[PDB]
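Participant: sequence first, structure after, both from an experimental entry:
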Amino acid sequence: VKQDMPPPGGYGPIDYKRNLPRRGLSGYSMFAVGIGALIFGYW
Amino acid sequence: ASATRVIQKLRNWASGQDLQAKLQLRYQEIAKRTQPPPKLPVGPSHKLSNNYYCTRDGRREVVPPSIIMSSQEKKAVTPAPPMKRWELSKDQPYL
Amino acid sequence: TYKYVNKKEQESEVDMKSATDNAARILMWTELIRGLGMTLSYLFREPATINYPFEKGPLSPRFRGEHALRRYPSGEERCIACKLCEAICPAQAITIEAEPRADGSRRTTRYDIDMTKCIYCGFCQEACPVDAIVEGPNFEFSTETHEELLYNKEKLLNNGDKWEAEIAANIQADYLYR
Amino acid sequence: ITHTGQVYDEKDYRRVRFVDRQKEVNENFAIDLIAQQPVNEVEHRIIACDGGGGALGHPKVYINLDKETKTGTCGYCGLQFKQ
Amino acid sequence: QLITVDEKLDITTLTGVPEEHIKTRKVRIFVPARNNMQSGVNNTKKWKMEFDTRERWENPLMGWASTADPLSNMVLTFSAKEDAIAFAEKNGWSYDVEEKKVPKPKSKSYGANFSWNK
Amino acid sequence: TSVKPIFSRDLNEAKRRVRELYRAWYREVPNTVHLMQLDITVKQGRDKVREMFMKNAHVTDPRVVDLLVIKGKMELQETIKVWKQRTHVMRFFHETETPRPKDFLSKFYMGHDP
Amino acid sequence: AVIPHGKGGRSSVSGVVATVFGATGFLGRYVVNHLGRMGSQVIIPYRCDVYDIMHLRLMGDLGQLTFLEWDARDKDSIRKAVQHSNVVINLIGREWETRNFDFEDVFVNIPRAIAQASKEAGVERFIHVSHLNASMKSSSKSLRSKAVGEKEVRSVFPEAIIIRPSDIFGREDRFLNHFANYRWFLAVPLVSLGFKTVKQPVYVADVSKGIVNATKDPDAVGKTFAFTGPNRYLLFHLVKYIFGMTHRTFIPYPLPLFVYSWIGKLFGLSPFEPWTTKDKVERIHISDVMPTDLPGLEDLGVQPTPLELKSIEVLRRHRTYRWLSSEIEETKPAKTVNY
Amino acid sequence: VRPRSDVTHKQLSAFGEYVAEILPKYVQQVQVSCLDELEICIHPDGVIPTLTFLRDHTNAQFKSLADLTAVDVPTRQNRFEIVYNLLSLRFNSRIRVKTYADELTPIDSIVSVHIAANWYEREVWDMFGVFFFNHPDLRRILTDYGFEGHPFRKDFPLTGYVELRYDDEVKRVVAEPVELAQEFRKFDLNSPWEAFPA
Amino acid sequence: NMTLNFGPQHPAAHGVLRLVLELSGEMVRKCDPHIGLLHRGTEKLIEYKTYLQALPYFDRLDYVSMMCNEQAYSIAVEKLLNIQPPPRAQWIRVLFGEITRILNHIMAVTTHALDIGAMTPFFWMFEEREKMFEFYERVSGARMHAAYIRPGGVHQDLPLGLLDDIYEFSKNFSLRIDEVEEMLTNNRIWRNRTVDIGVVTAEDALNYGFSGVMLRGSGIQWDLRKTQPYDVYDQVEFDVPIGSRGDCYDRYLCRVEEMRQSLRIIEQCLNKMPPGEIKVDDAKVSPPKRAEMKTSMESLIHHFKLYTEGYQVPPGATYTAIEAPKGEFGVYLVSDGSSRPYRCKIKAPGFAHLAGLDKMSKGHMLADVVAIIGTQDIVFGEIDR
Amino acid sequence: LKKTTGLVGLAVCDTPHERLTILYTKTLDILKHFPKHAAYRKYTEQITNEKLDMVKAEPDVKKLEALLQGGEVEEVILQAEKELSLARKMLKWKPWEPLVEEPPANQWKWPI
Ligand SMILES: NC(=O)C1=CN([C@@H]2O[C@H](COP(=O)(O)OP(=O)(O)OC[C@H]3O[C@@H](n4cnc5c(N)ncnc54)[C@H](OP(=O)(O)O)[C@@H]3O)[C@@H](O)[C@H]2O)C=CC1
Ligand SMILES: COC1=C(OC)C(=O)C(CC=C(C)C)=C(C)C1=O
Ligand code: SF4
Ligand SMILES: [Zn+2]
C-alpha cells in the first residue's frame, strides 16, 4: 500500500551534462585593453 | 541563501552559474522527518494456496555441473557470437 | 552506447582570429582567471559547517550507534538467552552464558559485548526474537581506557535504561519497515 | 550485589579494578520487578501472551491456565496469568 | 625425467609450524558421531582429524575463556581414512585413527508388535 | 616414489645450492648488523645462520631441499635488499621471549599440557 | 592466591598482584615490563600526571595494570594501594634532595610507612631496594640514609627481602649516560684521574629479572641480595670506553674532589633536576664494595650480562652521524680489575 | 528461481568441445556449470599451451586474466587447484581453466602469456605455497616480511602462531607465540540433515 | 639509484604503501610497490563465517564503494542458490550502486587533486558526499559499511522520504560537478600535470588485466554494466564514457563523465522503481519478517535456523563480476553444501592496476608517480584483502 | 584514410587488405605442417580461409570490418599474427597429442 515510490507521473527531469559556460571577452578586444594601457602609459 | 541580492549577483557571476537555483545547503526542501507510517507490500508466495515450496525452491533443484569431454567437416565454434560494436551516443556523441 | 571524451572531432585550421584568441589564452592566463572567479564566488556562499557540540548532524531512526539491552515495561529484562545474537555476530563480540534464574525463568548470567571487537553491523538488532539487544542511537561513547569499551550486562542494561525512551521511539518508527 | 550475586570475594584482586571507581550495577533488578506485576485473572483455559505490542513484543505463545493450583507464566515476559 | 625418493613426503620443514606444535601435538582421525539429540546422519559421513585439546584458562578481567594453543579450533575434513593418514605423515603430526563404526543392520517389522507370544 | 624434480635432480646437486646460500648469508651477516645497526655480534649472527641451515639438516628428499633454498634466497633478498627492518631481523634471535625448559619436572611444575 | 594458568606470555596469568610505588623510574620501567610480560597483576601507584605513565600502559595487558593516585606525605594513599596487593616492591629513590623531600624521606621515611601499611594489609612479601655499599656511616648522605632505611623497614616488616643493587647499567641510566654526556664539558673531570674507585655495573634487566624472580620464589626471605655484575672496572676504562663507543675525545684530567664536591654543589643548586649532585659526586668516586654476600644475579636465577655487550645500545644516541654505523667490534673493550 | 537461458549452456558447451579437440593433450575434463560457466580442466603441464591458445586464437580470443587463485582441498592428493578465470572482450565470454598442483610440484608461470599474472602468482605462492617456474620475481606480496608459513592453507591456524607487541625493555616491536584473550568460538553449524540428492 | 621508499605515513601513499623507488636523479627509473600493509586475512576469515555474517567483510575491501562491493557477493551467492532478488530490490541495488560510483568518483577525482595540490575541489564535493552517506544511513543505519545489500534481495525497504531526497540531491549535484569542472579541467596546471602522463596502450591494458576506467580510457570499449548486464542494467540507458588517448587526463575526464552518466541512471531509477517486496520470499534464503516470526511457527523456525546456521547454498563455484566504480570486482566463491563458504577469492580492480604502476610510470618524475597512483583509484583494502 | 583507431596504442595501417592477405596466407602455410587430421589444423584452416576469402572478396575496408567483425581492421591484423605466432608455438608444443596424464583419482571431485 504505502511504500516509498516515484511520485505519480514520474519525477521531473535532471541535468547531467556539463553546463560550463563559454563566457569571455573576445581575444582581439582583450589584447587592445592591455596594449592600450601600455600605449597610454608610455605617453 | 539569505544572501543580499548583490552578494548573490556577485556569486552568480564569479561562478558563471545561477548557483542560487541549486544551492548546496538544504532548506525546508528535504523530506520532513516522521514521514507517515509505512504499510509495506507482501510479495508473492504469500497465497495460502497453490504455494507449494517444492514448486518454488530453486535452491537445490540445481544439479551437479554438466560434464563434457571427461577423460574417464566439423565447423569452428566460438565462445559465443562475436560481440556487437557499441554505437556512438546520440544525445552527446562527443564531450 | 558510448561517448568520446577528449576526442577532437576534426582539425580546425588556425584562423588569425582563432590564433589570437588562443594566444591571448596563453599570454594573459584567461582560463586561470576563470578558476579564481569560481572560488571567489563560494567565498560569498554560506558555509555548511555545524557547531558540533551545539548543533548535531542528523541521524534517522535506523542509525545503529551504541549497543543497549532493553527491558519489558514491567521491569523484566527482555533477553531470554536464546543466544542466537551470539550465533550471528560476525565478529564473535557477544559472549553469553546462562542458567535458570531462581524464579525459574531463563536469563543470561553474563552478557558481554566487546565493542572494540564489534563492527556495529546491526545484525544482532535483526536476529533477537524478543528484540532485547538493540542498536541504540548514541554514537558518543569514546573512552579513555580500553577496558571501559568492553561492556558487561550491567553497563548495557544501564545503557538500555538511559536511552529506553528514544530507543522505543526509534523502534516505533521503523518496525513496520522490518 | 549484582543480579546474580556476583560479589568479588573479600580477597579477590579484581576488586582493585573497583578501587577509585564505581562497580557498575543496576538497582532495578528483574527478578523483583516482574513480581510486582499482578497475576492476570483471565477467564479462558488457554490465553496468549503476544508480549505486549504485537510485533514490537515477543513471539506469541499460548499458556494453559488449566492447573488450578499454579498460574501460567510466559516463558518470555514472566507475566503470570490465572483462570 | 623423474627422480626416485623413498622418503615419506615429510614437508614439516616447509609448512612453517613452530617446533613445539609439530612434536607435541597428537591429532586423532575420527568420523564424527551423531549427537543423540538429532536423528540425522549427514554429519557422520566425512572423516575429520582433530588436534589434541589444550589449556583454556579463565581471563581475569572479563572471565572469557582464553587459549594459548593455535591448532585448537582447527579441524580439517578428509573424505577417506587413507587421505587423512597421509596428511598426518607429511605434516609430521602423530595420528591415532579410529575405525568408523556404522550402525549394524536391524530387523524391524510392524507385525511383530502384535505377536501372539513375544 | 616416481617424483618429478623441482630444480635439483638429486640431493647431491641440491646440496650445491645450499652451499651457495650459506656463503651468501655468511657474507651478508656482517653487512646487516651494520646497515640495521643491530645490537648483535657478527660472529653471533653467523652462528644463527648455521643454526637455521642445520635446523633443516635432516631433510633427505631433493625436492624439499630445493624449495628450502628458494625460500632461503628470498629471505636473504629481503635482508640485503633491505625491506626487512631490525624488528624483523632480531625476531630471528627470539630476544624478548622467555625460554621454556624441556625438562619433564620443569614442565610438570608449570603447565597442564606439556 | 591465583593458580597460574596460561602458556607464559601476555594474556596469561601468574598470580602476583603487586603494588610498585616508584614504577615510573628507570629501574621501575623494567620491573613492570617483566611483571607484565609474565602476566602478573601490577598496581602502579603514581603521582606524576597521567601523561608520563602512558609508557607503562602498553606493558602488561588489559586489566592487568591498574594506576593509583598516591601522595607520600598522605598515609591514606599508601593504605589503599596495598589493600588488594599480595607483593609490595619499593623502588622509591632520588639523587637530588628536593625542596619538599629529603634523602631521608625518599629512602628511609617513606619506604617505611609503605612496608608498614603493607603488613597491616597482610602482603605476603615486601621487596625493599637500597643502593650497594650502603654503610650507616658512608660519606654520601644518600647511601647512609638508605642504610638507615633497610634497618627500619625490617622492624615495620620482618623477613622483607632487601635487594641492594650497584649503580645500574642500562639505557636511560645515569651511570653510563652521565659520563657519556660529559662531552658538553670540554674536559671530563675524574677524581684521582679516574683511579681507585673500581666499579661493577649491572644491566638493568638483570636487576629487574632478579627482582621479579624474587617475587616468585620462597627461597628469598630476609635475604639481602646484591646484584652486582659480570666484570669490575677502574673508573678510567669505563670513562674512556664510554667515550670510545660515543666516539668522542677522552681527556682525563684529575680534579681535587674537595673542589669537585663544590661543582656538585653548583649544579645541585639548579632548580630543575641538578645534573650532578654533591651526594652524587661522592657516590661516583665511592669504590664499589667487594662481592662477599648473599649472591644476587645467578643466585636468583639470571646470569649477569657484560657491559660491553649492550653498551652499544645505551651510548648510540651520543654518537654523531659519522659514527652511527660503527659497531662494537670496531671498538675496543675496557679492562677489569679483580682488585 | 533465477532465469536461465540454455542458449549459453549450449554455446559454451560447444566451445568446450572445440577447445578440448584443439588441445586434447592436456584437457582432462571440460564442464559447464548449471550457471552457464565453462571450466576446462587441464593437466598442469598444459598451463602454458592451453592459455596461449585461448589468448591467441581467432575463434577464441581470451585477452585478459580476471583472476588466478588456488583452492586447497586437503583431501586431494594434489592439494591446490589453481584456477585461472579469463575474459574475452571480443566474444563477451569467460572461461575458467583449472589445474592441480601439490605442495612441492611447481606449476609453470604464465607471466609470459598474461603479465597480469605477475602479481597473482606471487599472491598464490605467499598464501598457498605453490611455486611458479620461470617467474620473473616471485616473492611474498601480502604477508609480513618475516612471516613463516603459508596462510590460506586450510592447515594454517586462523589466529596464526605469532602476534606483535612493543616491548620497552628492548624498545622494539617483538613477536611472541600467540596468546588470545577469547579464543575464536568455533560454532559447529552443519545440520545432520541433507537437502537434496545433489 | 638513491633507493627511496614512499613510506606509509606520507599522505600521497593512501596510508599504507611502501613504493621502493630507485631515483635516477629526480627521474625515477623503477618502482617496486610493497603492498601488504593492510592485509587483514579477509579471505581466510570468510571461510570460518556463514554467508550472511561474511557480507559485512565485503563492505570493507574497497572502503569507498561499499554497496557496489556488496552487490558482487550478493549476486554470487544468489547465483549459487539459483534465486533472484525481487524487482524492487534490483532497482534499489542499481539506485545505490550509482550513488556509490558518484561517491567513489568524488573520492577519486578530489583526492587525486589533493595529491597534486588542488585543495578546494575536495571540500566542495565532500559536503556533497555526506549528503549522500545520509542516504546510506537513512536506508541502513550506517553512514558507510551499511550491510544493506543482502545475499538475497536487500535488507529493509527504503524509508518513505528517501526517493524525494535523492531527487533533490541529484537535481542540484550536476552543478557541483560543473564547478570543479571549471576549476580543474582546463587549468593549464592540471592539464600539464595530468595530460600525457601514464599513457597505457590498448593491448597492454588488456594484457595487464587493467579492466576498468583504465581499460576504457585508452579507448577499449568494455563496461560489465552493458556487456554483461547484471541486476537491472538492461532496463536503464546510459553511455559509457570511452576516452580516446589514455593520459591521466582522459581517465579523469572519463571519471567525471561516469558521475554525469550515473546521474542519468539514478534519474531513471527514481522515475521507474516498481511497487513490490525488497527481499525474495523464500524463507529458506532471506529471513522471515519481524511480525511473521513472532506469530507463525514456520517463520520462527526459519528465522532461528537462518540466523544461527545459515542458507546452506548448494555445492558449486562461480566467478561473478560487476562493474565496481574502480573496475571489475569479482568474487570466485567456491561452495561446499555447507552454510559457510569454502573459498572466496575477491578479484580486486587494483591488484592489477598497482602492478601496472611500474610500466605506466616509465621515464617519469617523483611527482608523476603521485599522479600515477591517483589515476588508478587504488584503495589498499581491495588490493591487500 | 581514417585518422586513427579508437585503441590508443594501435596505429592506422595503410594497405590493410594487403597486410592481412600477407599474414593470412602465411598462417595457412604454417598450418600445412600440422599433422593431417590434427584438430588445430582443420579448425584454424577453416577460420583463416573464410577470413581471406572475405578479405579477397571485399575491396572496401569499412565493409571488410563488418564482414569478419574484428572492430577496426588494425585489430584483425594483430589477431591474425598473434594466431600465426601460436600456430608456430603449438607445432613445437604438439598439443594435438593425447592427454599427457590422467588426473589422480578423485582429483576433480568437488563435494569433499
Ligand atoms: N643506578 C640506579 O638507578 C640505582 C638505583 N638504586 C635504587 O633503585 C631505586 C630505583 O632507582 P631509579 O628508578 O633510578 O630512581 P628514579 O630516579 O628513576 O625514581 C624512581 C621512582 O621513585 C619515585 N619517587 C621519587 N621520589 C619520590 C617522592 N618524594 N614521592 C613519591 N615518589 C617518588 C619516582 O616517581 P616520580 O618520578 O613520579 O616522582 C620514580 O618513579 C631507587 O630507590 C634507588 O635507591 C640503587 C642502586 C643504583
Ligand atoms: C582516496 O584515497 C586515499 C587517500 O588519498 C587521497 C588517502 O589519503 C588515504 C589516507 C589519508 C589520510 C592521511 C587521512 C586513504 C585511506 C585513501 O583511500
Ligand atoms: S537474541 Fe536477543 S534475546 Fe536471544 S539472547 Fe541475544 S539478546 Fe538475549
Ligand atoms: Zn509474556
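Facilitator: Sure thing, it's come through. Numbering: from 1, shown residues only, chains lettered A, B, ... in the order given. Ligands and ions are numbered 1, 2, ... in the order given.

Participant: how much space between residue J:109 and ligand 3?
Facilitator: 39 Å (CB to the nearest ligand atom, to the nearest Å). Every C-beta, even on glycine, is put in place using the N, C-alpha and C of the backbone.

Participant: hmm, I typed the wrong one, I wanted residue B:11.
Facilitator: From residue B:11 to ligand 3 the distance is 54 Å (CB to the nearest ligand atom).

Participant: what do you get for residue G:229?
Facilitator: For residue G:229, the distance to ligand 3 - CB to the nearest ligand atom - is 60 Å.

Participant: with residue E:59 instead?
Facilitator: Noted for residue E:59: a distance of 21 Å to ligand 3, by CB to the nearest ligand atom.

Participant: what about that residue, neighbour count?
Facilitator: Neighbours of residue E:59 under the rule other CB atoms under 10 Å in any protein chain shown: 20.

Participant: name the residues linked to the residue lying closest to it once chain neighbours are set aside by a beta bridge.
Facilitator: Distance criterion CB to CB, 6 or more residues apart in numbering or on different chains; nearest residue to residue E:59, sequence neighbours excluded, is residue E:66 at 4.6 Å. For residue E:66, the beta-bridge partners under DSSP bridges are residue E:57.

Participant: residues from chain C in reach of chain E?
Facilitator: C:95, C:110, C:112, C:114, C:147, C:150, C:152 (CB under 8 Å from any CB of the partner chain).

Participant: confirm that the first one sits in a helix.
Facilitator: Okay, so that is residue C:95. No. With DSSP: H, G, I helix; E, B strand; the rest coil as the criterion, residue C:95 is assigned strand and is not in a helix.

Participant: rewinding a little: any quick ChimeraX command for the buried ones out of the residues of chain C next to chain E?
Facilitator: Per 16 or more other CB atoms under 10 Å in any protein chain shown, the buried members of those correspond to this ChimeraX selection:
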select /C:95,110,112,114,150,152
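
Participant: closest one to chain A out of the residues of chain C next to chain E, please.
Facilitator: Nearest to chain A out of the residues of chain C next to chain E is residue C:114 (CB to the nearest CB; 36.3 Å).

Participant: and that closest one, what are its phi and psi?
Facilitator: phi -90, psi 100 (degrees, to the nearest 10).

Participant: OK, contacts around it?
Facilitator: C:91, C:93, C:95, C:149-151, E:62, H:182 (CB atoms under 8 Å, 6 or more residues apart in numbering or on different chains).

Participant: switch the cut-off to 10 Å
Facilitator: Going by CB atoms under 10 Å, 6 or more residues apart in numbering or on different chains, residue C:114 touches C:89, C:91-95, C:149-151, E:62, E:64, H:181-182.

Participant: pull the most distant pair out of these.
Facilitator: Based on CB to CB, the longest span within the contacts of residue C:114 runs between C:89 and H:181 and measures 16.6 Å.

Participant: distance check, the residue nearest to residue E:59 against residue H:179.
Facilitator: Computed with CB to CB, to the nearest Å, the distance linking residue E:66 and residue H:179 is 7 Å.

Participant: identify the contacts common to the two.
Facilitator: In contact with both residue E:66 and residue H:179: G:6-7, G:11-12, using CB under 10 Å, 6+ apart.

Participant: export those residues as a markdown table, with columns for secondary structure and distance to residue E:35.
Facilitator: Shown next, in a markdown table, are the shared contacts of residue E:66 and residue H:179 (DSSP: H, G, I helix; E, B strand; the rest coil; distance: CB to CB, whole Å):
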| residue | secondary structure | distance to residue E:35 |
| --- | --- | --- |
| G:6 | coil | 31 |
| G:7 | coil | 31 |
| G:11 | coil | 32 |
| G:12 | coil | 33 |
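
Participant: name the residue of chain B that lies nearest to chain F.
Facilitator: Taking CB to the nearest CB, chain B has residue B:71 as its residue nearest chain F, at 19.9 Å.

Participant: hang on, that residue packs against residue H:25?
Facilitator: No. At 11.4 Å, residue B:71 does not count as touching residue H:25 under the criterion of CB atoms under 10 Å.

Participant: look at the two and report which has more neighbours.
Facilitator: With neighbours defined as other CB under 10 Å, residue B:71 and residue H:25 compare such that residue H:25 has more, 21 against 17.

Participant: now the common contact residues for residue B:71 and residue H:25.
Facilitator: With CB under 10 Å, 6+ apart, residue B:71 and residue H:25 have common neighbours H:43, J:98-99, J:101.

Participant: can you pick the most crowded of those?
Facilitator: Among the shared contacts of residue B:71 and residue H:25, residue H:43 has the most neighbours (other CB under 10 Å), with 20 neighbours.

Participant: hang on, isn't that residue packed against residue H:25?
Facilitator: Yes. Between residue H:43 and residue H:25 there is a contact at 8.0 Å, judged by CB under 10 Å.

Participant: anything in contact with each of those two?
Facilitator: H:49-50, J:99-101.

Participant: redo those residues as JSON lines? Include secondary structure.
Facilitator: Conversion of the shared contacts of residue H:43 and residue H:25 to JSON lines gives the following (three-state DSSP):
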{"residue": "H:49", "secondary structure": "helix"}
{"residue": "H:50", "secondary structure": "helix"}
{"residue": "J:99", "secondary structure": "coil"}
{"residue": "J:100", "secondary structure": "coil"}
{"residue": "J:101", "secondary structure": "coil"}
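
Participant: now those residues as JSON lines including distance to ligand 3?
Facilitator: As requested, those are exported to JSON lines (distance: CB to the nearest ligand atom, whole Å):
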{"residue": "H:49", "distance to ligand 3": "56"}
{"residue": "H:50", "distance to ligand 3": "52"}
{"residue": "J:99", "distance to ligand 3": "56"}
{"residue": "J:100", "distance to ligand 3": "56"}
{"residue": "J:101", "distance to ligand 3": "55"}
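
Participant: could you export those residues as a markdown table, including distance to chain I?
Facilitator: Shown next, in a markdown table, are the shared contacts of residue H:43 and residue H:25 (distance: CB to the nearest CB, whole Å):
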| residue | distance to chain I |
| --- | --- |
| H:49 | 18 |
| H:50 | 17 |
| J:99 | 23 |
| J:100 | 24 |
| J:101 | 24 |
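
Participant: now, which of those residues sits nearest chain C?
Facilitator: residue H:50 (32.9 Å).

Participant: ok, the closest one - contacts?
Facilitator: Taking CB under 10 Å, 6+ apart, we find residue H:50 in contact with H:19, H:22-23, H:25-27, H:40-43, H:84, H:95, H:97, H:99, H:110, H:113, J:93, J:95.

Participant: excluding its backbone neighbours, what's nearest it?
Facilitator: residue H:42 (4.7 Å).

Participant: against residue H:109, how distant is the residue nearest to residue E:59?
Facilitator: Taken as CB to CB, the span from residue E:66 to residue H:109 is 44 Å.

Participant: share the number of residues neighbouring residue B:51, please.
Facilitator: Residue B:51 has 12 neighbours, counted by other CB under 10 Å.
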